[PDB]
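Written below as structure tokens is the structure these notes are about.
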């Protein structure tokens, strides 16, 4: 039983690994869209006036 | 000889919706995004003189 | 001013560790917690609280 | 005591070949419900659990090897082996009912007679498992003459890795593995991988890079090279590891044995015997999957590689030159 129930703890923690590394994919790809649309200060300041 | 401590990290997940990065975005759940080909948003700007 | 403990924490090899210390030559800190997770709750994932 | 026979009711009926998918037409479209393993994309949730995906883990493909049962004298097969060696079956004539001859690669190192420095590590190890080399050559009196005309590579059929060896005093029982991954006997739920000595194996894909495609496949090849040393015939067996396809490796092997070809054919400007023209042969010992690291080991030292997920798919011997 302690071999079974220690093997279901491995396969959950390998699969909590899958989803909780895919919530990092949101935060990365949302930030990557923002950095593609972020021109710097020195270009955009004189266009702001 | 003795075991004195058996220690282990736990990675706490950080949801995207509870980061403050999501203040700069508008989050909508969309069930079937694999069906979509192309999105489109159309603007109409009238300019008075 | 600060507020800390007044005595040391006491670890003593009691009757369950004392058999494995004499017979096997290996003892363990807090045998009762090792026993209350392997055989009592074998499927409990490690949480922080 | 029937509780011990009820365990055989579970484990035999649970472990059978999957039945033929045969549903009568009067039942209706129930046969679509009996197709579960073709379904390959399972639903995931916000927090999936094993209770959600126990049905996804239940469908497994049907994999099974075919074992070979060999009954060997205990003088040829040394009583201590690393349990994953590769095997060969020499065959000359059916003399008795069931007495079979098996050749590990360290055993075929001793029948060869090749020099020390060309394989400097296993010469110490194969010199302590065996005598001077005449403890095995008394079985094959034709080793001086099988090397001349070149009939030795036509008498080896490669078999595959060991699985189990039940050793007695005069006779050793050897169970090998063909067609795939052999199931381990003593450790349950394990898989016997194939072990080669680091000395015999010659890796073939090696670059600075100074780019080659990834794939799924890399195939271990055996080689067996007819040559002459000290004006006496002797063979040489080397291994190769490359997933480059058979059209390249035959050109890659000829660049490895360049100096060996040069030393021999100096001799036949003076005498030309047509039996001497045959040089080598190449067998395909079965595929390894991509990006598996061959894990180094050490035994007594003898450095020995090991290949997990090896599956054995034997081929013929094709005579390269």
(message) Per DSSP helix of 4 or more residues, -39500 (n - 2.57); summed, then divided by the residues of chain A. What does that give at 222 nm, rounded to the nearest 500?
(response) -22000 deg cm²/dmol
(request) Evaluate peptide C:20-26: per residue, the Cβ atoms of other protein chains within 10 Å of its Cβ; return the mean as an integer. (result) 1
(message) Give the separation of the Cα centroids, region D:201-227 to region D:256-279, in Å.
(response) 26
(request) Output the peptides B:35-43, D:34-42 sorted from most to least packed, where packing is the average of other Cβ atoms within 10 Å over each peptide's residues. (result) D:34-42, B:35-43
(request) Find the Rg to Rh ratio for region D:27-182, where Rh is the Kirkwood radius over alpha-carbon pairs and Rg uses the same atoms. (result) 1.23
(message) Ranking request for peptides D:274-286, D:246-258: highest mean number of other beta-carbon atoms within 10 Å first, then the rest in descending order.
(response) D:274-286, D:246-258
(request) Would you mind giving the mean number of other chain beta-carbons within 10 Å of the Cβ of each residue in A:8-16, as a whole number? (result) 5
(message) Once you place label points 7 Å from the Cα toward the Cβ at residue D:25 and residue D:212, how far apart are they in nm?
(response) 5.6
(request) Ratio to report: Rg/Rh of chain D, with Cα atoms as the point set and Rh obtained by the Kirkwood method; give two decimals. (result) 1.06
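Per the Kirkwood definition applied to all pairs of different Cα atoms, how many angstroms is the hydrodynamic radius of chain C? Each step should come with its number before you reach the end.
Numbers: mean 1/r = 0.0736 Å⁻¹.
Taking the inverse mean of 1/r over all distinct Cα pairs, chain C comes out at 13.6 Å.
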(message) Using a 10 Å cut-off around each Cβ of peptide A:20-28, what is the average number of partner chain Cβ atoms that fall inside?
(response) 4
(request) Be a star and scan region D:196-211 for residues whose amide nitrogen sits under 20 Å from the point 7 Å along the Cα-to-Cβ vector of residue D:124. (result) D:196-201
(message) At q = 0.12, 0.25, 0.27 Å⁻¹, what log₁₀ I(q)/I(0) does region D:254-321 have when each alpha carbon counts as one equal point scatterer in the Debye sum?
(response) -0.60, -1.09, -1.14
(message) As I understand it, the value is the acute angle between the Cα axis of helix A:8-20 and the longest principal axis of the Cα atoms of chain A; what does it come to in degrees, rounded to 10?
(response) 10
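Antiparallel DSSP bridges in the protein assembly as shown: what percent, to the nearest 5? Intermediate values should be presented prior to the final figure.
On the way: 48 of 54 bridges.
Looking only at bridges with both residues in the protein assembly as shown, the antiparallel portion is about 90 percent.
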(request) Kindly state, to the nearest 0.05, the FRET efficiency for residue A:41 paired with residue D:50, given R0 = 35 Å and r defined as their beta-carbon distance. (result) 0.10
(request) Kindly rank D:161-172, D:128-139 from highest to lowest mean number of other beta carbons found within 10 Å of each residue. (result) D:161-172, D:128-139
(message) Please compute the alpha carbon radius of gyration of region D:116-201, then divide it by the globular-protein estimate 2.2 N^0.38 Å. Two decimals is fine.
(response) 1.37
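For chain A, what is the convex hull (Cα atoms) projected area averaged across all directions, in square nanometres? Display every interim value, and only then the final one.
On the way: hull surface 17.3 nm².
Taking the Cα atoms of chain A, their convex hull projects to 4.3 nm² on average.
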(message) Roughly how far apart, in whole Å, are the Cα centres of region A:30-44 and chain B?
(response) 18
(request) Would you mind giving the three semi-axes, in whole Å and largest first, of the ellipsoid equivalent to the protein assembly as shown according to its Cα gyration tensor? (result) 57, 37, 29
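None of the figures in this text is laboratory data; all of them are computed from the coordinates on show. Positions of Cβ are backbone-derived with ideal geometry, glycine not excepted, and every protein chain shown enters the neighbour counts.
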